[PDB]
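To start, the structure itself, in structure tokens.
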Amino acid sequence: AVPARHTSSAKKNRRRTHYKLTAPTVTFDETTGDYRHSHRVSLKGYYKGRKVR
Amino acid sequence: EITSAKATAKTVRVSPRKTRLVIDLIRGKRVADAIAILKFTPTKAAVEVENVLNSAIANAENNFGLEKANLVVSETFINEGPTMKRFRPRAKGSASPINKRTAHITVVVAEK
Amino acid sequence: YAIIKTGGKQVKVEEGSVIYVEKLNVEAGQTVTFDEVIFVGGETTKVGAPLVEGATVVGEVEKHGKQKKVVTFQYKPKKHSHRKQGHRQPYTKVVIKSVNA
Amino acid sequence: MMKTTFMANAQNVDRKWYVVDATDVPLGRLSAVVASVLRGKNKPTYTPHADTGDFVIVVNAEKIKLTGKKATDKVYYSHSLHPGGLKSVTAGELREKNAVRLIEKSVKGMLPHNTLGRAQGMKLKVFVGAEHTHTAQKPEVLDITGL
Amino acid sequence: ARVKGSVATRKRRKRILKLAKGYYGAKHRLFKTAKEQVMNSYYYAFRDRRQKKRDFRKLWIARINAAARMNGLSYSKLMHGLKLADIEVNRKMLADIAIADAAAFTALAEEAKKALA
RNA sequence: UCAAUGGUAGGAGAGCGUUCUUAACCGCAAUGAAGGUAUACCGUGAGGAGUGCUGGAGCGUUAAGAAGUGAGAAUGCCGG
RNA sequence: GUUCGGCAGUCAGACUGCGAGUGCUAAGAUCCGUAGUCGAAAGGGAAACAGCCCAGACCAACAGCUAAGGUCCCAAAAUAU
RNA sequence: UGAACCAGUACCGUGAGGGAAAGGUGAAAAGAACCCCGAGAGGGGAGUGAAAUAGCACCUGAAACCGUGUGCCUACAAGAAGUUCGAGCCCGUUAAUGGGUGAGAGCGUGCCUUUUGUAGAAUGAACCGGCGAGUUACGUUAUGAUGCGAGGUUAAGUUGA
């Protein structure tokens, strides 16, 4: 429960190694933008090439 | 003549450790990738980095107009500032404070 | 090429080799010779050399100075171990050309 | 004065190969001198980080001149980390099966137990009844005696 | 007279830390583990001011019995032939002939052969 | 030259550094005082200055006097 | 060495033998006298070891010789006679 | 001075009581017009001023903490985290027998009080910085220093800055 000794900060970051965030795949400039994700909706209503608000 | 495309921010409560979860995606890629992930980020910390990011592109056209589509991020860093504490109550006189996480938010972009 | 023990340090000298040696009563640079040279040494020549005569190190004396002040605190018991010495050494850089071999 | 030492090896190492065998030779008296060559301790070029790790080759390793009843009371042991981890390879046993660690575990007892000791000690060349293999390089037979 | 000498005190602190610099990780990011860390290091650097003596001599005698053993000669009877031998009882330059000296090495070995003889 | 130099509580001797000293002695200072910082010098030690940089007002000498005067360590304290 | 003068602290130690006592002539047990050792004395030897043995460190040193103890490899010297 | 600051303040406690923290921009606010980003703040240009790392808790700015870049090394390793030597690499300095490394390899039980003996599973120490502890009043004794010497000696007081 209660820790014994001090974490050395290098080992603390060695705990913090796998903790990182993962980039989501973003569809890039479509006309000149704007963006969606694949399997997701654009800001212009577009999923599967048709506007749905 | 200089790239010098830097902006910053101060006094926002955003957990700079989790912004150091943010910036690893940032530091290498072009600004189209940056506002791509930045618009599509499911963290609260990375929307308002378009204040610094947009303000730094707005530096580059504030007095440069240089390489505006071409601008890839040179560097960032987001640091803690003075985290403002608050004497949080907790049971039977425990009451520990809270470090509200201040941050400078610094971005340079450039070419190449 | 020879071997000479000037101090308590027996030394391969090459006929041209710059060496180091502790302080001698040379003063600035008077290139003087030393005579207890025992070997032909690094030979590729005449062999043997139990006790050598005339092959003395005609020493090309250069310089003597201070070495490096290494330091001393000592011995560690518990309950207040105590304290420092620490010095350097008046070393002596001297090039050795001109053995008689 | 200061650098009268010399490694002369610590980058420029040598590599030589030695078929070393006798069919029956005693284990200790073979073992410490093949330890000496796998050091390269006999080579006149020692450095504590020399890496004069010899290609110490053994073939035809069937027999130790076995003093006493050592094939009945030599018995080895081991301990797997599962509790009650006694597992014993025993005295005459696995000599006739695989006399490999019958040698090189004892040469692990010979060697300086470190990364270099496990380097050449884990670069032994071991054959038990063979004419070994890969004489593409040049092997050389070393001595008979315990010197 | 409530005076401090504060910068002088931190100059002792600064003096020992700048003289303490180099070792692992947290140590120069702290104060006091570094204090022994130079200190233990020249405790047994004081011992190795005697023990690289007593180990470079092991390199000396070891490599010279390596080449002597390459001539099939053992160090004890070699040195025994060196006390039997000439004005030379020269030791460790005679260790230094490990480079390329069949003349100096094996011939001085023959001097020892005519010293046992 | 000879002899000595393990050393705790112990006892003796000596010296360093800080600050104030009207003292003088006698300077520095905006071309940069102090202070900070890096520094690959010196000094048996404590310690001392050199340079680069911050920095923009007091500081250093010497010698002597006087001291709230030499900092890890105590549930030391306070602040982070 | 004495004398005189200041200034101390030490009161409770162990251990190794050696000779005693008590104890199951049990004990790394106690309690004496006796020497050493540590404490308050490194280095080496015995696998590490405060007490055993050797040997008392101002320092440098890329010098040699040696104490006990060692010389098949780790780990240096004798596959010594 | 508890209190250089709207201090006996805040605040605690019903009360008697207790009892904090905190000064410094720049000479002069001359306090950043404007322009742009930004919901706004905040930033960024411009300009301000000797200076803007000088921008309103603002001189100076360590220290722990978090960083970002950086040359070397490490993903067959089981160390009081060290020396000493050193392959190899990188760089060139209070110009110096240069430094930064460091694979590898030898040998290496942290520091304090107490104890007979602690490496300790005996304490204690989160760290960092600041503070933080043998005095003087009067008296005696000892030791010296000085002065005069069987003669040394003025106390209190008065005078006077």
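Here, A, B, ... name the chains of the structure tokens in the order displayed, residue numbers run from 1 inside each chain, and ligands are numbered from 1 in the same displayed order.
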
Exercise for the section: Residues of chain A near chain H: apply a cut-off of 12 Å, count only C-alpha atoms (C1' of nucleotides), and supply the list as a ChimeraX atom specification. Expected result: /A:4-7,9

With N, CA and C atoms kept, could you save the residues just selected as a PDB file, in the first residue's frame?
```
ATOM      1  N   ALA A   4       7.635   2.425  -0.042  1.00  0.00           N
ATOM      2  CA  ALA A   4       8.794   2.312   0.825  1.00  0.00           C
ATOM      3  C   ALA A   4       9.798   3.429   0.568  1.00  0.00           C
ATOM      4  N   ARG A   5      10.291   3.534  -0.655  1.00  0.00           N
ATOM      5  CA  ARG A   5      11.351   4.472  -0.952  1.00  0.00           C
ATOM      6  C   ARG A   5      10.961   5.331  -2.134  1.00  0.00           C
ATOM      7  N   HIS A   6      11.810   6.309  -2.408  1.00  0.00           N
ATOM      8  CA  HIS A   6      11.523   7.286  -3.442  1.00  0.00           C
ATOM      9  C   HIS A   6      11.630   6.667  -4.814  1.00  0.00           C
ATOM     10  N   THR A   7      10.660   6.978  -5.652  1.00  0.00           N
ATOM     11  CA  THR A   7      10.813   6.712  -7.064  1.00  0.00           C
ATOM     12  C   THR A   7      11.943   7.573  -7.607  1.00  0.00           C
ATOM     13  N   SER A   9      13.232   9.322 -10.809  1.00  0.00           N
ATOM     14  CA  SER A   9      12.345   9.882 -11.825  1.00  0.00           C
ATOM     15  C   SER A   9      12.553   9.251 -13.189  1.00  0.00           C
TER      16      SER A   9
END
```

Can you build me a table of chain G residues sitting at most 10 Å from chain C, with the closest atom pair per residue and its distance in Å to one decimal, using only C-alpha atoms (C1' of nucleotides), sorted by chain and residue number, as a tab-separated table?
```
residue	atom	partner	partner_atom	distance
G:40	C1'	C:77	CA	9.8
G:42	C1'	C:75	CA	7.1
G:57	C1'	C:75	CA	9.3
G:58	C1'	C:85	CA	8.6
G:59	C1'	C:86	CA	7.4
G:60	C1'	C:89	CA	6.9
G:61	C1'	C:9	CA	8.7
G:62	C1'	C:9	CA	8.4
G:63	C1'	C:8	CA	5.3
G:64	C1'	C:8	CA	8.7
```

Using the selection just defined, write its residues with C-alpha atoms (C1' of nucleotides) as a PDB file, in the first residue's frame.
```pdb
ATOM      1  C1'   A G  40      40.596   3.569  19.418  1.00  0.00           C
ATOM      2  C1'   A G  42      43.987   0.088   8.095  1.00  0.00           C
ATOM      3  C1'   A G  57      49.460   3.503   7.065  1.00  0.00           C
ATOM      4  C1'   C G  58      52.718  11.426   6.136  1.00  0.00           C
ATOM      5  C1'   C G  59      52.403  11.348   0.779  1.00  0.00           C
ATOM      6  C1'   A G  60      53.744  10.436  -4.370  1.00  0.00           C
ATOM      7  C1'   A G  61      55.478   6.510  -7.403  1.00  0.00           C
ATOM      8  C1'   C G  62      54.119   1.927 -13.739  1.00  0.00           C
ATOM      9  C1'   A G  63      60.285   0.123  -7.899  1.00  0.00           C
ATOM     10  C1'   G G  64      62.368  -4.066  -5.537  1.00  0.00           C
TER      11        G G  64
END
```

Residue neighbourhood residue 41 in chain B, 12 Å, only C-alpha atoms (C1' of nucleotides), exclusion window fewer than 4 positions, as a PDB file with N, CA and C atoms, in the first residue's frame:
```pdb
ATOM      1  N   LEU A  21      -0.348   8.445 -25.749  1.00  0.00           N
ATOM      2  CA  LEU A  21      -1.566   8.545 -26.530  1.00  0.00           C
ATOM      3  C   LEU A  21      -1.322   8.026 -27.943  1.00  0.00           C
ATOM      4  N   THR A  22      -2.404   7.625 -28.602  1.00  0.00           N
ATOM      5  CA  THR A  22      -2.348   7.058 -29.941  1.00  0.00           C
ATOM      6  C   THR A  22      -2.993   8.009 -30.937  1.00  0.00           C
ATOM      7  N   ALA A  23      -2.320   8.230 -32.053  1.00  0.00           N
ATOM      8  CA  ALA A  23      -2.836   9.137 -33.064  1.00  0.00           C
ATOM      9  C   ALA A  23      -4.022   8.515 -33.785  1.00  0.00           C
ATOM     10  N   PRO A  24      -5.132   9.228 -33.926  1.00  0.00           N
ATOM     11  CA  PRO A  24      -6.215   8.741 -34.784  1.00  0.00           C
ATOM     12  C   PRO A  24      -5.959   9.077 -36.244  1.00  0.00           C
ATOM     13  N   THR A  25      -6.335   8.149 -37.117  1.00  0.00           N
ATOM     14  CA  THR A  25      -6.142   8.326 -38.549  1.00  0.00           C
ATOM     15  C   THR A  25      -7.157   9.328 -39.071  1.00  0.00           C
ATOM     16  N   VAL A  26      -6.664  10.431 -39.616  1.00  0.00           N
ATOM     17  CA  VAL A  26      -7.498  11.524 -40.092  1.00  0.00           C
ATOM     18  C   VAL A  26      -7.443  11.536 -41.609  1.00  0.00           C
ATOM     19  N   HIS A  37     -12.775  11.289 -40.180  1.00  0.00           N
ATOM     20  CA  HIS A  37     -12.092  10.017 -40.137  1.00  0.00           C
ATOM     21  C   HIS A  37     -12.778   9.079 -41.098  1.00  0.00           C
TER      22      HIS A  37
ATOM     23  N   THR B  19      -0.416  17.429 -21.427  1.00  0.00           N
ATOM     24  CA  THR B  19      -0.028  18.044 -22.690  1.00  0.00           C
ATOM     25  C   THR B  19       1.269  17.449 -23.191  1.00  0.00           C
ATOM     26  N   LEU B  21       1.470  14.331 -22.875  1.00  0.00           N
ATOM     27  CA  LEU B  21       0.862  13.290 -23.687  1.00  0.00           C
ATOM     28  C   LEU B  21       0.415  13.818 -25.041  1.00  0.00           C
ATOM     29  N   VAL B  22       0.196  15.124 -25.177  1.00  0.00           N
ATOM     30  CA  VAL B  22      -0.283  15.642 -26.455  1.00  0.00           C
ATOM     31  C   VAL B  22       0.852  15.785 -27.462  1.00  0.00           C
ATOM     32  N   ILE B  23       1.960  16.411 -27.059  1.00  0.00           N
ATOM     33  CA  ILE B  23       2.890  16.994 -28.025  1.00  0.00           C
ATOM     34  C   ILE B  23       3.731  15.994 -28.809  1.00  0.00           C
ATOM     35  N   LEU B  25       2.697  13.528 -30.644  1.00  0.00           N
ATOM     36  CA  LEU B  25       2.084  13.493 -31.961  1.00  0.00           C
ATOM     37  C   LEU B  25       2.438  14.731 -32.766  1.00  0.00           C
ATOM     38  N   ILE B  26       2.649  15.855 -32.090  1.00  0.00           N
ATOM     39  CA  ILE B  26       2.831  17.125 -32.775  1.00  0.00           C
ATOM     40  C   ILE B  26       4.206  17.206 -33.416  1.00  0.00           C
ATOM     41  N   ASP B  33      -1.288  17.962 -40.657  1.00  0.00           N
ATOM     42  CA  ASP B  33      -1.402  16.863 -39.711  1.00  0.00           C
ATOM     43  C   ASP B  33      -1.699  17.392 -38.314  1.00  0.00           C
ATOM     44  N   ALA B  34      -1.163  18.572 -37.995  1.00  0.00           N
ATOM     45  CA  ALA B  34      -1.301  19.123 -36.654  1.00  0.00           C
ATOM     46  C   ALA B  34      -2.730  19.547 -36.377  1.00  0.00           C
ATOM     47  N   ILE B  35      -3.336  20.289 -37.298  1.00  0.00           N
ATOM     48  CA  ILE B  35      -4.725  20.655 -37.103  1.00  0.00           C
ATOM     49  C   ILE B  35      -5.632  19.493 -37.443  1.00  0.00           C
ATOM     50  N   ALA B  36      -5.114  18.480 -38.130  1.00  0.00           N
ATOM     51  CA  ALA B  36      -5.893  17.269 -38.346  1.00  0.00           C
ATOM     52  C   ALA B  36      -6.154  16.553 -37.027  1.00  0.00           C
ATOM     53  N   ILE B  37      -5.080  16.106 -36.368  1.00  0.00           N
ATOM     54  CA  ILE B  37      -5.208  15.487 -35.052  1.00  0.00           C
ATOM     55  C   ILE B  37      -5.749  16.472 -34.036  1.00  0.00           C
ATOM     56  N   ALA B  45      -7.293  19.114 -23.668  1.00  0.00           N
ATOM     57  CA  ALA B  45      -6.114  19.962 -23.633  1.00  0.00           C
ATOM     58  C   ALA B  45      -5.698  20.483 -25.001  1.00  0.00           C
ATOM     59  N   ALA B  46      -6.171  19.886 -26.090  1.00  0.00           N
ATOM     60  CA  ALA B  46      -5.545  20.121 -27.386  1.00  0.00           C
ATOM     61  C   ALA B  46      -6.459  20.827 -28.377  1.00  0.00           C
ATOM     62  N   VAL B  47      -7.491  21.507 -27.903  1.00  0.00           N
ATOM     63  CA  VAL B  47      -8.303  22.317 -28.799  1.00  0.00           C
ATOM     64  C   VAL B  47      -7.660  23.688 -28.833  1.00  0.00           C
ATOM     65  N   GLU B  48      -7.472  24.249 -27.642  1.00  0.00           N
ATOM     66  CA  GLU B  48      -6.938  25.581 -27.403  1.00  0.00           C
ATOM     67  C   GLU B  48      -5.469  25.725 -27.750  1.00  0.00           C
ATOM     68  N   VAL B  49      -4.830  24.686 -28.266  1.00  0.00           N
ATOM     69  CA  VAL B  49      -3.472  24.808 -28.759  1.00  0.00           C
ATOM     70  C   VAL B  49      -3.520  25.287 -30.202  1.00  0.00           C
ATOM     71  N   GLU B  50      -4.724  25.525 -30.702  1.00  0.00           N
ATOM     72  CA  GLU B  50      -4.934  26.337 -31.883  1.00  0.00           C
ATOM     73  C   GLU B  50      -4.965  27.820 -31.545  1.00  0.00           C
TER      74      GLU B  50
END
```

Neighbours of range 48-50 of chain C within 10 Å (only C-alpha atoms (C1' of nucleotides); same-chain residues fewer than 4 positions away dropped), as an mmCIF file with N, CA and C atoms, in the first residue's frame?
```cif
data_model
loop_
_atom_site.group_PDB
_atom_site.id
_atom_site.type_symbol
_atom_site.label_atom_id
_atom_site.label_comp_id
_atom_site.auth_asym_id
_atom_site.auth_seq_id
_atom_site.Cartn_x
_atom_site.Cartn_y
_atom_site.Cartn_z
ATOM 1 N N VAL C 37 73.011 3.518 -17.051
ATOM 2 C CA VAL C 37 72.199 2.939 -18.107
ATOM 3 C C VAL C 37 72.528 1.470 -18.240
ATOM 4 N N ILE C 38 71.608 0.616 -17.823
ATOM 5 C CA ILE C 38 71.843 -0.801 -18.014
ATOM 6 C C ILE C 38 70.785 -1.329 -18.957
ATOM 7 N N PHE C 39 71.097 -1.271 -20.250
ATOM 8 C CA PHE C 39 70.859 -2.227 -21.324
ATOM 9 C C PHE C 39 71.390 -1.639 -22.610
ATOM 10 N N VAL C 40 71.697 -2.527 -23.551
ATOM 11 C CA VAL C 40 71.702 -2.111 -24.940
ATOM 12 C C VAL C 40 70.293 -1.681 -25.315
ATOM 13 N N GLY C 41 69.353 -2.613 -25.204
ATOM 14 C CA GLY C 41 67.957 -2.369 -24.905
ATOM 15 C C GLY C 41 67.113 -1.866 -26.045
ATOM 16 N N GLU C 43 67.103 -3.492 -28.750
ATOM 17 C CA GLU C 43 68.379 -3.546 -29.447
ATOM 18 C C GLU C 43 68.287 -3.555 -30.960
ATOM 19 N N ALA E 85 71.522 -14.960 -12.029
ATOM 20 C CA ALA E 85 72.039 -14.235 -13.175
ATOM 21 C C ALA E 85 72.848 -13.016 -12.776
ATOM 22 N N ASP E 86 73.018 -12.127 -13.743
ATOM 23 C CA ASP E 86 73.969 -11.029 -13.739
ATOM 24 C C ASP E 86 73.580 -9.860 -12.846
ATOM 25 N N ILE E 87 74.247 -8.716 -13.066
ATOM 26 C CA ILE E 87 73.943 -7.447 -12.398
ATOM 27 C C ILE E 87 72.474 -7.085 -12.581
ATOM 28 N N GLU E 88 71.907 -7.420 -13.743
ATOM 29 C CA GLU E 88 70.464 -7.424 -13.937
ATOM 30 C C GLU E 88 69.759 -8.291 -12.908
ATOM 31 N N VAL E 89 68.971 -7.637 -12.068
ATOM 32 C CA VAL E 89 67.829 -8.255 -11.417
ATOM 33 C C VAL E 89 66.633 -7.429 -11.869
ATOM 34 N N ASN E 90 66.757 -6.837 -13.058
ATOM 35 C CA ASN E 90 65.764 -5.920 -13.592
ATOM 36 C C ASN E 90 64.482 -6.662 -13.959
ATOM 37 N N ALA E 103 65.050 -11.698 -29.299
ATOM 38 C CA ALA E 103 66.437 -11.421 -28.953
ATOM 39 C C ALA E 103 66.572 -11.090 -27.476
ATOM 40 N N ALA E 104 65.890 -10.035 -27.029
ATOM 41 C CA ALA E 104 65.970 -9.650 -25.627
ATOM 42 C C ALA E 104 65.329 -10.700 -24.736
ATOM 43 N N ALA E 107 66.954 -14.402 -25.449
ATOM 44 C CA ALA E 107 68.385 -14.382 -25.181
ATOM 45 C C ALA E 107 68.671 -14.097 -23.717
ATOM 46 N N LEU E 108 67.904 -13.198 -23.093
ATOM 47 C CA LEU E 108 68.031 -13.048 -21.649
ATOM 48 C C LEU E 108 67.540 -14.290 -20.928
ATOM 49 N N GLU E 110 68.213 -17.164 -22.185
ATOM 50 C CA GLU E 110 69.407 -17.994 -22.280
ATOM 51 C C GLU E 110 70.472 -17.560 -21.290
ATOM 52 N N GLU E 111 70.508 -16.268 -20.952
ATOM 53 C CA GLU E 111 71.343 -15.813 -19.851
ATOM 54 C C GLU E 111 70.924 -16.494 -18.564
#
```

Show me a table, sorted first by chain and then by increasing residue number, of the residues of chain D having an atom at most 10 Å from chain C, each with its shortest atom pair and the distance in Å to one decimal, counting only C-alpha atoms and written as CSV.
```
residue,atom,partner,partner_atom,distance
D:1,CA,C:20,CA,4.6
D:2,CA,C:20,CA,7.6
D:3,CA,C:19,CA,9.8
D:4,CA,C:11,CA,8.2
```

Fill in the blank from the handout: Between CA of residue 99 in chain E and CA of residue 55 in chain C lies a distance of 22.5 Å

Which residues of chain E have any atom within 8 Å of an atom in chain H when counting only C-alpha atoms (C1' of nucleotides), and what is the closest pair of atoms for each, with the distance in Å to one decimal? Order the rows by chain and rising number and write it as a Markdown table.
```
| residue | atom | partner | partner_atom | distance |
| --- | --- | --- | --- | --- |
| E:24 | CA | H:81 | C1' | 6.9 |
| E:30 | CA | H:127 | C1' | 7.8 |
| E:33 | CA | H:110 | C1' | 7.1 |
| E:36 | CA | H:110 | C1' | 7.8 |
| E:37 | CA | H:82 | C1' | 7.0 |
| E:40 | CA | H:82 | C1' | 7.3 |
| E:41 | CA | H:83 | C1' | 4.7 |
| E:42 | CA | H:83 | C1' | 6.7 |
| E:44 | CA | H:83 | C1' | 6.1 |
| E:45 | CA | H:83 | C1' | 5.6 |
| E:48 | CA | H:84 | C1' | 6.0 |
| E:52 | CA | H:84 | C1' | 6.7 |
```

Practice task
Tell me which protein, DNA and RNA residues are within 10 Å of residue 68 in chain B, counting only C-alpha atoms (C1' of nucleotides), leaving out same-chain ones fewer than 3 positions away, and put them as a list in words.
Solution key: residues 31, 57, 58, 60, 61, 64, 65, 71, 72, 110 and 111 of chain B

Handout entry: Residue hits in chain E, query chain G, radius 10 Å, only C-alpha atoms (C1' of nucleotides), as number ranges by chain
Key = E: 47, 49-50, 52-53, 55-59, 61-62, 65, 74-77, 89-93

Residues from the last selection, N, CA, C and O atoms, saved as an mmCIF file, in the first residue's frame:
```
data_model
loop_
_atom_site.group_PDB
_atom_site.id
_atom_site.type_symbol
_atom_site.label_atom_id
_atom_site.label_comp_id
_atom_site.auth_asym_id
_atom_site.auth_seq_id
_atom_site.Cartn_x
_atom_site.Cartn_y
_atom_site.Cartn_z
ATOM 1 N N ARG E 47 43.851 3.179 -2.405
ATOM 2 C CA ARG E 47 44.330 1.801 -2.401
ATOM 3 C C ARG E 47 44.825 1.400 -3.780
ATOM 4 O O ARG E 47 45.708 0.548 -3.886
ATOM 5 N N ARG E 49 46.405 3.308 -5.791
ATOM 6 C CA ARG E 49 47.752 3.870 -5.807
ATOM 7 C C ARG E 49 48.745 2.936 -5.139
ATOM 8 O O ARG E 49 49.856 3.331 -4.787
ATOM 9 N N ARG E 50 48.291 1.733 -4.859
ATOM 10 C CA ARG E 50 49.076 0.634 -4.374
ATOM 11 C C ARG E 50 48.661 -0.658 -5.053
ATOM 12 O O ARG E 50 49.425 -1.629 -5.061
ATOM 13 N N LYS E 52 46.893 -0.870 -8.353
ATOM 14 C CA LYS E 52 47.305 -0.987 -9.742
ATOM 15 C C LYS E 52 48.809 -1.172 -9.823
ATOM 16 O O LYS E 52 49.307 -1.682 -10.831
ATOM 17 N N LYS E 53 49.539 -0.769 -8.780
ATOM 18 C CA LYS E 53 50.878 -1.298 -8.577
ATOM 19 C C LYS E 53 50.818 -2.808 -8.476
ATOM 20 O O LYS E 53 51.385 -3.530 -9.306
ATOM 21 N N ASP E 55 48.719 -4.940 -9.306
ATOM 22 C CA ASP E 55 48.013 -5.696 -10.326
ATOM 23 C C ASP E 55 48.612 -5.507 -11.704
ATOM 24 O O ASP E 55 48.616 -6.441 -12.496
ATOM 25 N N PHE E 56 49.109 -4.312 -12.017
ATOM 26 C CA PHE E 56 49.988 -4.177 -13.165
ATOM 27 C C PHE E 56 51.272 -4.959 -12.979
ATOM 28 O O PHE E 56 51.881 -5.364 -13.973
ATOM 29 N N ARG E 57 51.694 -5.193 -11.737
ATOM 30 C CA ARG E 57 52.767 -6.154 -11.577
ATOM 31 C C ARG E 57 52.272 -7.563 -11.841
ATOM 32 O O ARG E 57 53.051 -8.414 -12.263
ATOM 33 N N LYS E 58 50.983 -7.827 -11.626
ATOM 34 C CA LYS E 58 50.475 -9.145 -11.961
ATOM 35 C C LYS E 58 50.394 -9.304 -13.462
ATOM 36 O O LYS E 58 50.602 -10.401 -13.981
ATOM 37 N N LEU E 59 50.109 -8.212 -14.163
ATOM 38 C CA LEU E 59 50.166 -8.207 -15.615
ATOM 39 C C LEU E 59 51.589 -8.426 -16.085
ATOM 40 O O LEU E 59 51.835 -9.147 -17.057
ATOM 41 N N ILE E 61 54.276 -9.935 -14.377
ATOM 42 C CA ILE E 61 54.802 -11.269 -14.134
ATOM 43 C C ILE E 61 53.967 -12.300 -14.865
ATOM 44 O O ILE E 61 54.472 -13.356 -15.266
ATOM 45 N N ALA E 62 52.690 -11.998 -15.072
ATOM 46 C CA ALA E 62 51.799 -12.951 -15.702
ATOM 47 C C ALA E 62 52.101 -13.059 -17.178
ATOM 48 O O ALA E 62 52.199 -14.165 -17.716
ATOM 49 N N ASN E 65 55.531 -14.764 -17.563
ATOM 50 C CA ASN E 65 55.451 -16.211 -17.487
ATOM 51 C C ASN E 65 54.586 -16.759 -18.604
ATOM 52 O O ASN E 65 54.574 -17.969 -18.837
ATOM 53 N N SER E 74 59.084 -21.673 -16.449
ATOM 54 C CA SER E 74 58.233 -21.264 -15.353
ATOM 55 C C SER E 74 58.868 -20.081 -14.641
ATOM 56 O O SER E 74 60.097 -19.965 -14.567
ATOM 57 N N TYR E 75 57.999 -19.200 -14.128
ATOM 58 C CA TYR E 75 58.415 -17.913 -13.581
ATOM 59 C C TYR E 75 59.358 -18.071 -12.404
ATOM 60 O O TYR E 75 60.314 -17.302 -12.272
ATOM 61 N N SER E 76 59.118 -19.069 -11.558
ATOM 62 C CA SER E 76 59.908 -19.238 -10.346
ATOM 63 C C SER E 76 61.341 -19.655 -10.647
ATOM 64 O O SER E 76 62.280 -19.130 -10.039
ATOM 65 N N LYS E 77 61.537 -20.588 -11.573
ATOM 66 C CA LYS E 77 62.897 -20.950 -11.928
ATOM 67 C C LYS E 77 63.524 -19.926 -12.847
ATOM 68 O O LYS E 77 64.755 -19.862 -12.932
ATOM 69 N N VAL E 89 68.971 -7.637 -12.068
ATOM 70 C CA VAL E 89 67.829 -8.255 -11.417
ATOM 71 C C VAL E 89 66.633 -7.429 -11.869
ATOM 72 O O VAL E 89 65.621 -7.327 -11.166
ATOM 73 N N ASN E 90 66.757 -6.837 -13.058
ATOM 74 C CA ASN E 90 65.764 -5.920 -13.592
ATOM 75 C C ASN E 90 64.482 -6.662 -13.959
ATOM 76 O O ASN E 90 64.495 -7.711 -14.603
ATOM 77 N N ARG E 91 63.358 -6.098 -13.516
ATOM 78 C CA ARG E 91 62.145 -6.868 -13.315
ATOM 79 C C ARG E 91 61.149 -6.592 -14.424
ATOM 80 O O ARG E 91 60.728 -7.527 -15.133
ATOM 81 N N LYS E 92 60.738 -5.359 -14.623
ATOM 82 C CA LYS E 92 59.409 -5.107 -15.143
ATOM 83 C C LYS E 92 59.494 -4.383 -16.458
ATOM 84 O O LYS E 92 58.544 -4.376 -17.242
ATOM 85 N N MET E 93 60.626 -3.739 -16.700
ATOM 86 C CA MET E 93 61.046 -3.541 -18.070
ATOM 87 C C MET E 93 61.319 -4.885 -18.720
ATOM 88 O O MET E 93 60.991 -5.097 -19.893
#
```

Handout entry: At most 8 Å to chain B: residues in chain H, only C-alpha atoms (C1' of nucleotides), as a ChimeraX atom specification
Key = /H:36-38,42-45,66-68

Handout entry: Expected answer as a PyMOL selection string: strand (DSSP E) residues in chain C
Key = chain C and resi 2-5+10-13+17-22+33-34+57-58+60-64+72-74+82-85+91-96

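Atom pair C1' of residue 47 in chain H / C1' of residue 34 in chain H: separated by 8.6 Å.
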
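Computed from the coordinates, the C1' of residue 51 in chain H to CA of residue 2 in chain B distance equals 23.3 Å.
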
Exercise for the section: Enumerate as an MDAnalysis selection string the residues belonging to chain D that approach chain E to within 7 Å, with only C-alpha atoms taken into account. Expected result: chainID D and resid 41:46

Closest contacts (chain H/chain C, max 10 Å, only C-alpha atoms (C1' of nucleotides)) as a Markdown table:
```
| residue | atom | partner | partner_atom | distance |
| --- | --- | --- | --- | --- |
| H:97 | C1' | C:93 | CA | 8.4 |
| H:111 | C1' | C:78 | CA | 9.1 |
| H:112 | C1' | C:79 | CA | 8.3 |
| H:113 | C1' | C:79 | CA | 9.2 |
```

Handout entry: Non-local contacts of residue 135 in chain H (12 Å; only C-alpha atoms (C1' of nucleotides); under 2 positions in same chain excluded) as number ranges by chain
Key = F: 67-68; H: 133, 137
